[PDB]
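Worksheet for the structure shown next.
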Ligand SMILES: *C(=O)NCCCCCC
């Protein structure tokens, strides 16, 4: 039985700081001599309707930004430079984070999972895992003052930072930016109403879940009929599924079950219409929030 | 929305060590001058079926145990005392963990949630949240070598340690010790087949989940009809639900929504027989792993 699992957050906790600019405050991420944070910390509350972020960064002086580390030994960090990259601020501080881990900045693609450290005013409060939805939103739990919370994956000892939380959309859809500065789904960091695209099922994750079903004895849906990847993907554009892309992780499931990817792509086409009278792993809905890598590590 | 939220795990990560005795190795918890770990580390795998821990304790010296800390400040320690306490070893080491958090030991009750830091050979690898099941088991991801993994809650600055992982019973079903040394559910730490009681739905958590559904505009299941607590509890004995016991946490959700507890007790009796074709908060079955405290926190 699959469980939602996050990465241990300790390494990321040691990098969180609070960033304050005038009356606005939120979270930032302290790596080496750099503090990253969402640029809307520069924007007075009244002016969020549409801000001129270029006409905000010029107005910034040597001491417009204040940075505080709360966790570990409390410290104020003096800001010595300020630059803007996409929807993020890049602030230079005069002390390097002595607990900077080995890290990279990669953007995640829909269907992939990552861990989120939720913070409030530089203090970690909670951690969960999400998958990037095909409409480039995430289904998180973020309350007031959690902007700048950080999403990440980990391979070896290398932290891959992939998300910095920016805003809430509909009732609980959230989005943020990759650390190159680009907002996921080209949403705009303004208090303007923006429409999200329709969500879709993550096909590769549904496939992983059907492999987890087969591994737990649940395999009534497997039949010899096959749908090819290229055929499946043309079907998908019309039926609210993502394109399928294979990975070595999927292949390892197919090798251990003896069931081919193309059989499960056929099955998905049938199960979409309805499960008829049966269940799969206790569910009557398709499940798309577990990845091949999840199934591989948890049902080894 | 409703996300599976865990406590940030940095405080507990800095206390995980590897404990080795003979050919057996597993995880331990380093608090001040004490390292806690499951006592079956003393038992060679052959006599795991019927160990004599009192004899095994006599046959041991301080030199029978080695302890290493792998992550963070990589210091490794000398054992200067050893004792047994229920199903736990209590080793004394000559260095006080300088990263020890403020902490208590408390035993958790069925229905309650706590975070788990899954480790392997003293390296933290994942975190997730479980609830203590009515049959005094938990469902998580505990692969080979995760014995000694630790469960905890956090209140203010104080970590409350409540669980140290001991064994897998059936597939996916796990149990362990409180830090007073007693096994949850009185199971024996022996590779012997033992029978677990039947699991039940935690009624107070199901009710909180329906409240969360109402607060998110999913209320198709709410009727004027009511079942009293006294009468639901008799029904529960016959349908494998726990006794419903209200708390001020539950009362706040009833106040906020205007929907009485007794209306949701009636709805559970109806939804138990099947959701027909309908969904509640993504789900086609009742969810009982969200607590009223958890719902109050995430949804407010
Ligand atoms: C987070 O601190 N604030 C969210 C409001 C920002 C709206 C425009 C990006």
Problem - At q = 0.06, 0.07, 0.08, 0.12 Å⁻¹, base-10 log of I(q)/I(0) for the protein assembly as shown (Debye sum, equal scatterers on each alpha carbon) - result: -0.35, -0.48, -0.63, -1.36
Practice task
Write down Rg/Rh for the range A:37-170, rounded to two decimals, with Rg from the C-alpha atoms and Rh from the Kirkwood relation over Cα pairs.
Solution key: 0.96
Exercise for the section: Determine, for each peptide in A:275-282, B:268-275, the mean count of other beta carbons within 10 angstrom over its residues, then list the peptides with the highest first. Expected result: B:268-275, A:275-282
Fill in the blank from the handout: Using alpha carbon centers only, the range A:242-292 is separated from the range A:194-215 by a whole-angstrom value of 9 Å
Completion exercise
Per residue of B:11-17, other chain Cβ atoms within 10 Å number on average 2
Exercise for the section: Specify the residue with the greatest mean-square fluctuation among A:217, A:156, A:122, computed from a Gaussian network of chain A linking alpha-carbon atoms under 10 Å apart. Expected result: A:156
Exercise for the section: Please arrange B:82, A:165, A:70, B:193 by counting, for each residue, the other beta carbons lying within 10 Å of its beta carbon, fewest first. Expected result: B:193, A:70, B:82, A:165
Practice task
Provide, in order from the shortest bin, the percent of all Cα-Cα pairs of the range B:79-149 in each 5 Å bin, continuing until the bin that contains the maximum pair distance.
Solution key: 3, 12, 15, 22, 26, 14, 7, 2
Exercise for the section: Report, to two decimal places, the Cα Rg of chain B normalised by 2.2 N^0.38 Å (N = number of residues). Expected result: 1.12
Handout entry: Label 7 Å beyond Cα on the Cβ vector: residue B:59 copy-to-copy distances, nm
Key = 7.6
Practice task
Report, as an integer, the average count of C-beta atoms from other chains found within 10 Å of each Cβ along A:163-173.
Solution key: 1
Problem - chain A: relative contact order in percent, alpha carbon pairs under 8 Å with at least 6 residues between - result: 17 percent
Exercise for the section: For residue B:223, go 7 angstrom from Cα along the Cα-to-Cβ vector, then report the distances to that same point in the other copies in nm, smallest first. Expected result: 3.8
Handout entry: Using a Förster distance of 30 Å, the FRET efficiency for residue B:234-residue A:240 (Cβ separation, nearest 0.05)
Key = 0.10
Handout entry: Overall dimensions of the range B:234-288 as given by Cα atoms, namely Rg and Dmax in Å
Key = 12.4, 33
Problem - Angle in degrees between helix B:229-239 and the longest Cα principal axis of chain B, rounded to the nearest 10 - result: 60 degrees
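Volume per residue, Å³, of the convex hull around the alpha-carbon atoms of the range A:200-300?
89 Å³
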Practice task
Any chance you could give the angle, 0 to 90 degrees and rounded to 10, that helix A:261-273 forms with the longest Cα principal axis of chain A?
Solution key: 90 degrees
Fill in the blank from the handout: Rounded to whole angstrom, the alpha-carbon centroid of the range B:150-165 lies from that of the range A:1-36 at a distance of 22 Å
Completion exercise
The relative contact order of the range A:103-235, taking Cα pairs under 8 Å that sit 6 or more residues apart, comes to a percentage of 21 percent
Handout entry: Partner chain coverage, peptide A:288-297 - average Cβ within 10 angstrom
Key = 1
Handout entry: Protection proxy ranking, peptides B:108-118, B:219-229, average beta carbon neighbours within 10 Å, highest first
Key = B:108-118, B:219-229
Exercise for the section: For n ≥ 4 DSSP H runs only, could you compute -39500 (n - 2.57) per run for chain A, divide by its residues and tell me the 222 nm figure to the nearest 500? Expected result: -5500 deg cm²/dmol
Problem - Diffusion coefficient, µm² s⁻¹, Stokes-Einstein with Kirkwood Rh over alpha-carbon pairs of the range B:99-185 at 25 °C and 0.890 mPa s - result: 190 µm²/s
Problem - Whole-Å semi-axes of the range A:150-203's equivalent ellipsoid (Cα gyration tensor) - result: 24, 15, 9
Handout entry: For the range B:197-243, average projected area of the Cα convex hull in nm²
Key = 3.8 nm²
Exercise for the section: Springs between alpha-carbon atoms under 10 Å, Gaussian network over chain A: tell me which of A:13, A:168, A:155 tops the mean-square fluctuations. Expected result: A:155
Completion exercise
Final fewest-first order of B:57, B:77, A:89 on the 10 Å Cβ neighbour count is B:57, B:77, A:89
Exercise for the section: Provide the three semi-axes, in whole Å and in decreasing order, of the ellipsoid equivalent to the range B:141-241 as defined by the square roots of 5 times the Cα gyration tensor eigenvalues. Expected result: 34, 20, 14
Exercise for the section: Compute the Kirkwood hydrodynamic radius of the range A:1-105, taking the inverse of the mean of 1/r over all pairs of distinct Cα atoms, and give it in Å to one decimal. Expected result: 14.8 Å
Fill in the blank from the handout: With Cα springs under 10 Å, the Gaussian network model of chain A assigns the largest mean-square fluctuation among A:124, A:98, A:74 to A:74
Problem - Degrees between helix B:248-257 axis and first principal axis of chain B (Cα, 0 to 90, nearest 10) - result: 40 degrees
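Cβ: placed from backbone, ideal geometry, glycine included. Neighbour counts: every protein chain shown. Values quoted throughout were computed directly from the atomic coordinates according to the rules given, and no laboratory measurement underlies them.
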